[PDB]
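Residue numbers (the authors' numbering), protein chains in the order written: chain G, 1 to 204; chain E, 1 to 204; chain C, 1 to 204; chain A, 1 to 204; chain I, 1 to 204.
In what follows, a single structure is set out as structure tokens and then discussed.
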Amino acid sequence: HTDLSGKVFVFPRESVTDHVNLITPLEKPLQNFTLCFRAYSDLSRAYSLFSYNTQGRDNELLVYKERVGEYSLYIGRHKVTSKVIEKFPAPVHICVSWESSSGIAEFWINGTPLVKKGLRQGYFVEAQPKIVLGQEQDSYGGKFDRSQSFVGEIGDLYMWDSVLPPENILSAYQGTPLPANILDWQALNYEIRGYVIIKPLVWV
Amino acid sequence: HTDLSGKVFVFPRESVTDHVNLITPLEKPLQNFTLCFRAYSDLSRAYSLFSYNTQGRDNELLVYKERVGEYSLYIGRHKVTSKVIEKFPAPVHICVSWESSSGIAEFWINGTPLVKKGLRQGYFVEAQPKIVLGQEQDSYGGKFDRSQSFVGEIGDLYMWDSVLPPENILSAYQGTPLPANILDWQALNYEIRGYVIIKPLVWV
Amino acid sequence: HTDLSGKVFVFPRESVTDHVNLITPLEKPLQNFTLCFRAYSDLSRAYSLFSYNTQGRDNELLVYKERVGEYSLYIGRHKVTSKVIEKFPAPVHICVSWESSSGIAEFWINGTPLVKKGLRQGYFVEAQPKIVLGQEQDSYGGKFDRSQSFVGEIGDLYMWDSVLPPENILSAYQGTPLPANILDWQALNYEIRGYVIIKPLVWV
Amino acid sequence: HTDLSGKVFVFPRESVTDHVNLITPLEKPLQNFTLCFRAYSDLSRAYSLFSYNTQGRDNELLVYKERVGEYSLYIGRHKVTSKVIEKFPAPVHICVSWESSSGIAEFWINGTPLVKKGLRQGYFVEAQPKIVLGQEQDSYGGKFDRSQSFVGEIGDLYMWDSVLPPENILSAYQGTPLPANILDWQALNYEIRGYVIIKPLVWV
Amino acid sequence: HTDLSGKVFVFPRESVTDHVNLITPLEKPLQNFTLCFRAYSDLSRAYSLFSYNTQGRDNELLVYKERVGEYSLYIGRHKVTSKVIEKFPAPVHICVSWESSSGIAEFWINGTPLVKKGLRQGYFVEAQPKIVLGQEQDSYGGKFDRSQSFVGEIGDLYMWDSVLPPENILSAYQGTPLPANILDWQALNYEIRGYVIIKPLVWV
Ligand SMILES: O=C(O)[C@H]1CCCN1C(=O)CCCCC(=O)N1CCC[C@@H]1C(=O)O
Ligand SMILES: O=C(O)[C@H]1CCCN1C(=O)CCCCC(=O)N1CCC[C@@H]1C(=O)O
Ligand SMILES: O=C(O)[C@H]1CCCN1C(=O)CCCCC(=O)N1CCC[C@@H]1C(=O)O
Ligand SMILES: *[C@@H]1O[C@H](CO)[C@@H](O)[C@H](O)[C@H]1NC(C)=O
Ligand SMILES: *[C@@H]1O[C@H](CO)[C@@H](O)[C@H](O)[C@H]1NC(C)=O
Ligand SMILES: *[C@@H]1O[C@H](CO)[C@@H](O)[C@H](O)[C@H]1NC(C)=O
Ligand SMILES: *[C@@H]1O[C@H](CO)[C@@H](O)[C@H](O)[C@H]1NC(C)=O
Ligand SMILES: *[C@@H]1O[C@H](CO)[C@@H](O)[C@H](O)[C@H]1NC(C)=O
Ligand SMILES: [Ca+2]
Ligand SMILES: [Ca+2]
Ligand SMILES: [Ca+2]
Ligand SMILES: [Ca+2]
Ligand SMILES: [Ca+2]
Ligand SMILES: [Ca+2]
Ligand SMILES: [Ca+2]
Ligand SMILES: [Ca+2]
Ligand SMILES: [Ca+2]
Ligand SMILES: [Ca+2]
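As structure tokens, then:
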């Protein structure tokens, strides 16, 4: 339980080895959830932001940037993509929620809502995951791909087991987030593997 | 008669099956009319916003987006198109009126008037329609086309049997519309067919 | 003598038949003159705004839009073109003057002066004209061309037999023009031929 | 000695004949010098702004616009070019200085300094020149080229036999220039040859 | 020890000969360091800003502009590149730091931080350098390349043997920098070789 307030992870080079493991207890399958964080990268190609796999299931929960201005969400291998107008390169605050009952996934880029899309209505996201920043898993905790690796900075990451209202998403964007029960940036359990450096956050 | 204030329809995936039926009594043929609503979609291709058919007549009244920045109005199979400068993707408030006596159709995008165009002077729009959101009809209530389907969110839909003055169009754009006698968002009769979800409106 | 204050002509479709005839006494050949009006059209091709012909002389005085951002003035079949930065589609207030003694023609788009150009120094523009909005004449009052027709809205048209100073051109742009002695929008003699509708001006 | 305050030269058509001769005594070779003026033209091709030749020497001192956003200075046939961000077409206030001792030529477009460049260090610009607006000389006062001719308006022209500090360049840009000892717009000796008209300056 | 406050070096032409040697004692290998300066050039090709070589080691420390919007840092032949949105041509204030312990290099363009990148973790930058402005060294003080030469103006150069905090980088950008212990613009030891002129700084 480490307090990373005002710090970021820095993945300072393209690689197939550098990454961070996020550790959560969880154990109960996910029905609703909201995830959010800040990222800053000048990659033009595609990259994984947040990779969440479980035993036997690739891309169980994956936030993945297709290209400038397109964000994709995977839920149990099914995919959904939404577009937004953004500058490049630029810092972004990404936030994504998904609700099993309706299947709706809303993206929120820099406090602006993208078009809602739907997938996997009725599905339950599997538990006891391996979660990875800086690489995209194609196995249970490994088999990475260099050309999907993330190069840049990530911080202010939070994950709740519910769907945040707009009022609460704004709070997170403005740096005063509600306390999170799946991943909290101020009490984070993480392993660093490879070349990842922790530095102060100087771009918000 | 359901009050959808502050809610929207969400057509969360491309399909040939998802759609909403709007139900109005009407019965008397339409001479003048104003239609308006909000839409938010990141489709680059063409799509139907509002499809209104009658027994034996395709595209009797159809609002249809050709491509970014071009809105078309069909009246009795005749078509008229007007251009506007818009960002993309972005939420839009569309509003369109048509007057039989003059044949003039004015479009109003986000409270800005497009160039007036004319068609079907003297025509009477047929009554007892089937009205459909989220798909484009090529029959009396069906025979849809996937590549014309609407994917995104629609709300704040109103339809009057008269032509609104500018003062009243602004009112609708600003969220304080006059009460409507053909379709009112606050007392709406609708059927949902397929995958359509109702959610709160978070983008105005 | 009809007062069209706050109204516009609407040429609502492309055609070779719709047009308006403007009627002025004149009778004395034109030495100096200023013309101005508002127009709103989303045509990308070329079109005639103001066509003024006399017996035996085509394009005696013609204001003609070549393409987006280029305005041409014809004086006795001689042509002159000036460029400007404009958005599209957008409403414009055009104003053009010409002085025989110097041959100089200045264009003024939305109150901004274009580069001055010269032509026909010493020429006298012929009298007893047929003047036409919405079509381009290739005869004395007819032989139109569909692909030069104007589609959109025109209003606030004034024509003086002198050259307005800048102070007066601004006045016209801002909607408080000096009274005009060749064509006055507030006492206009006009015939409508074909499909032309008069509607209120809603875009200024 | 004519006062052209608030007036401009208008070169109203492309030609190989229209031009203005500027007349100065000078007689002593130029070591340092600053030149400046306003110009307004919608030509996309190359054109000469200011052409200064002497007996037996082409392009002794020549300010020449290569294309949109590139200004060239010739000093004794040697050339130097600097770039700037500008809108087009648009009025510009150009100002250029050159210092023999250092060879440095600074351009100042609309009160903004371009990158300094150098040429002809140690050179002395020849005296008893023929100076021409509106054409580019390839002889001592003539042998013009149509495709280098200037078409548009020029005014507020001043030339000093020293190098103005920044404070003084701003003054000239803002319309309150120091009195000039080589060419002064308020006491100018000029011949008009061909089609050149003097009109009031309406674009500053 | 010369005070260049409010002056710049001007490399006024492309060449393989013009350059400036910067002289520092140093002698102790560099572990951390921050470098910063202002530059103004309208070159579209690549150029070296700051070239620092040591006996037997090319590109030991090199700041090098790849193209518009891309800045590269070399540390012991290894390279790292970061992107930024900039206008062109435009004056820029560049500032770059590097820390051996972490290998992290941060760029700061006009007071804005680029994405951090990493290289040469653990490395020690060699001492007793030859440092050169206006050319890129491929030997110990020479063997230049014309097509990498810098053409424009450089000034306000400072270099510290530590890593400046953000607060101090802002100070340097705003013209009130902390005193520097490797290179100080207000006490600079430099040789000028070739065509380089010192002029006042007129573009900040
Ligand atoms: O990698 C993933 O888990 C998913 C998530 C988003 C990107 N992606 C893709 O599958 C896109 C390409 C993946 C791998 C790939 O391109 N190929 C191409 C040849 C073999 C290999 C594969 O599909 O297994
Ligand atoms: O579908 C409509 O009702 C109208 C309204 C806007 C688009 N549209 C069109 O007709 C354009 C194309 C429609 C369908 C189509 O393109 N084709 C082409 C082959 C079969 C099918 C048809 O003509 O029935
Ligand atoms: O119509 C006019 O009077 C002037 C006004 C501006 C354009 N224009 C033209 O004449 C351009 C071309 C007009 C007609 C045309 O293009 N052609 C091409 C072949 C037959 C026909 C003709 O010149 O008679
Ligand atoms: C998820 O949210 C829905 C909608 O509020 C709710 O009905 C359900 O009980 C929630 N499930 C869990 C596990 O929190
Ligand atoms: C439609 O509006 C026109 C005014 O142009 C009016 O004359 C007519 O009575 C109206 N008809 C209906 C059915 O509202
Ligand atoms: C036209 O304008 C010129 C320039 O002032 C003037 O000399 C002349 O008298 C005017 N003639 C007419 C008929 O307006
Ligand atoms: C030109 O300027 C230089 C430097 O400012 C000066 O030394 C010299 O006296 C000047 N010469 C003339 C003729 O103005
Ligand atoms: C380099 O910076 C690190 C981090 O602050 C510091 O521990 C070290 O003493 C510095 N080394 C030198 C030589 O300044
Ligand atoms: Ca995978
Ligand atoms: Ca993969
Ligand atoms: Ca149809
Ligand atoms: Ca269809
Ligand atoms: Ca004609
Ligand atoms: Ca014609
Ligand atoms: Ca020449
Ligand atoms: Ca020539
Ligand atoms: Ca080298
Ligand atoms: Ca080299």
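Where a beta carbon is used, it is the ideal one built from N, C-alpha and C, also for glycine.
Any beta carbon from chain I within less than 7 Å of residue i's own beta carbon?
{"i": "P113(A)", "result": "yes"}
Taking 6 Å as the cut-off, is the beta-carbon of residue i closer than that to any non-hydrogen atom of ligand 13?
{"i": "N59(C)", "result": "yes"}
If you follow the alpha helix (DSSP H) that residue i is in, where does it begin and where does it stop?
{"i": "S171(A)", "result": "166–173"}
Would you say the beta carbon of residue i is closer than 6 Å to some non-hydrogen atom of ligand 16?
{"i": "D145(A)", "result": "yes"}
Report yes if the C-beta of residue i is less than 6 Å from at least one heavy atom of ligand 4; otherwise report no.
{"i": "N32(G)", "result": "yes"}
If you measure from the CB of residue i, is any heavy atom of ligand 5 nearer than 6 Å?
{"i": "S101(E)", "result": "yes"}
Is any heavy atom of ligand 7 found at a distance shorter than 6 Å from the C-beta of residue i?
{"i": "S97(A)", "result": "no"}
Between residue i and chain G, is there a C-beta pair that is closer than 7 Å?
{"i": "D156(E)", "result": "no"}
{"i": "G175(E)", "result": "no"}
Does any residue of chain C have a CB that is nearer than 7 Å to the CB of residue i?
{"i": "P166(E)", "result": "yes"}
{"i": "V10(A)", "result": "yes"}
{"i": "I197(A)", "result": "yes"}
{"i": "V204(A)", "result": "no"}
{"i": "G142(A)", "result": "no"}
Is residue i close to chain E? Criterion is C-beta to C-beta, closer than 7 Å.
{"i": "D42(C)", "result": "yes"}
{"i": "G194(C)", "result": "no"}
Which stretch, first to last residue, makes up the beta strand (DSSP E) that contains residue i?
{"i": "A39(G)", "result": "32–40"}
{"i": "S97(G)", "result": "92–99"}
{"i": "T81(C)", "result": "78–83"}
{"i": "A105(E)", "result": "104–109"}
{"i": "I131(E)", "result": "130–133"}
{"i": "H19(C)", "result": "19–22"}
{"i": "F11(I)", "result": "7–11"}
{"i": "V63(I)", "result": "57–67"}
{"i": "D156(G)", "result": "152–160"}
{"i": "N53(I)", "result": "47–54"}
{"i": "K199(A)", "result": "197–200"}
Confirm the yes/no value for this check: CB of residue i, any heavy atom of ligand 18, distance under 6 Å.
{"i": "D138(I)", "result": "yes"}
Can you find a heavy atom of ligand 14 that lies under 6 Å from the Cβ of residue i?
{"i": "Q148(C)", "result": "yes"}
State yes or no: is the C-beta of residue i nearer than 6 Å to some heavy atom of ligand 2?
{"i": "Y64(E)", "result": "yes"}
With 8 Å as the C-beta to C-beta threshold (strictly closer), list the residues of the stretch 84–103 of chain G near chain E in chain order. If the cut-off is 8 Å between Cβ atoms, the stretch 84–103 of chain G has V84, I85, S102, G103 near chain E.
Looking at chain G, which residues of the stretch 110–134 of chain I have a Cβ within less than 8 Å of any of its Cβ atoms? Of all residues in the stretch 110–134 of chain I, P113, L114, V115, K116, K117, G118, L119, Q121 have a Cβ within less than 8 Å of some Cβ in chain G.
Compile a chain-ordered list of the residues in the stretch 53–85 of chain C whose CB is closer than 7 Å to at least one CB of chain E. none
Contact the stretch 10–26 of chain C vs the stretch 35–42 of chain E: 3+ CB pairs below 8 Å: no
The stretch 46–55 of chain A in contact with the stretch 118–135 of chain A per 3-pair CB rule at 8 Å: A contact exists between the stretch 46–55 of chain A and the stretch 118–135 of chain A.
Near-chain A residues of the stretch 4–30 of chain I - C-beta to any C-beta below 8 Å: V10, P12, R13
Measuring CB atoms only, is the stretch 110–120 of chain C touching the stretch 1–19 of chain C, in the sense that at least three cross pairs come out at less than 8 Å? With a cut-off of 8 Å, the stretch 1–19 of chain C and the stretch 110–120 of chain C do not count as touching, because too few Cβ pairs lie within range.
With a threshold of 8 Å, are at least 3 pairs of Cβ atoms found where one atom belongs to the stretch 96–115 of chain C and the other to the stretch 192–202 of chain A? yes
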